[PDB]
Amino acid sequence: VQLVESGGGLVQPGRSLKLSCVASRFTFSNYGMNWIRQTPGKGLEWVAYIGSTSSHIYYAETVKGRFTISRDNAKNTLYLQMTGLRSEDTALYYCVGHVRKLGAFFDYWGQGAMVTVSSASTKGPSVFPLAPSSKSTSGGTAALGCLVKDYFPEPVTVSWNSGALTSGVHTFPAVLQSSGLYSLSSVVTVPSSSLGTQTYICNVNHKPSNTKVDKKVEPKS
């Protein structure tokens, strides 16, 4: 992307955490940069803004100074460091840009890095292959997938063939099971002729648990 946001996945309430955001294809030295967080449920909240030479720094009243925002032009990195963390603070953090001599309104947003504070400990995901049944002759279309189970906290990144396969892919929203752990299924539809000829590998990554799995799905014998 242009703004990539590498930061912490899980932390304990009362502890600290430093978020970083890097700019790649634009200059990033004449653009005002800000940090804006959205909690799931589609509630958008602006927490901080910093000027081109860090002369003007603005923070939200909920934060009251608890966060410190700085930026480095040489390394093209925006830093937001959070001293005190609460359960309400758990949210998706967006690295946001401003508009060159037009307005003080925002224009571009990064992918977003979500921080989740919880007393609970991190748990790695278990991946199990969803093999496609033999059916639909040759003119029909079949589907195959991957099952992610028992992971905390959110989120998990699931892709196919390292991003080579992006069409017909459905990554279902994580559902919360009774054990308290998350579980989701990622499926994809492909032509029947492709099976046995084409290799389908789903890559699942869980940043807080440091779990990087490249899992291959072949039809069951």
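In this text, residue numbers run from 1 along the sequence as written.
- Here 128-136 and 102-110 are compared by their mean Cα B-factor, and 128-136 comes out higher.
- Mean C-alpha B-factor is higher over 139-147 than over the other stretch, the pair under comparison being 139-147 and 85-93.
- Highest CA B-factor among the listed residues (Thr39, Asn161, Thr171, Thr53): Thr53.
- For the set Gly65, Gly180, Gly43, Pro153, the PDB entry assigns the largest Cα B-factor to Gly65.
- Looking at the C-alpha B-factors along this chain, the one for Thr189 belongs to the middle third.
- When the CA B factors of the chain's modelled residues are split into thirds, the value for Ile201 lands in the middle one.
- When the modelled residues of the chain are ordered by C-alpha B-factor, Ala48 sits in the highest third.
- For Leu17, the recorded CA temperature factor ranks within the highest third of the chain's modelled residues.
- Compared with the other modelled residues of the chain, the Cα B-factor recorded for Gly8 ranks in the middle third.
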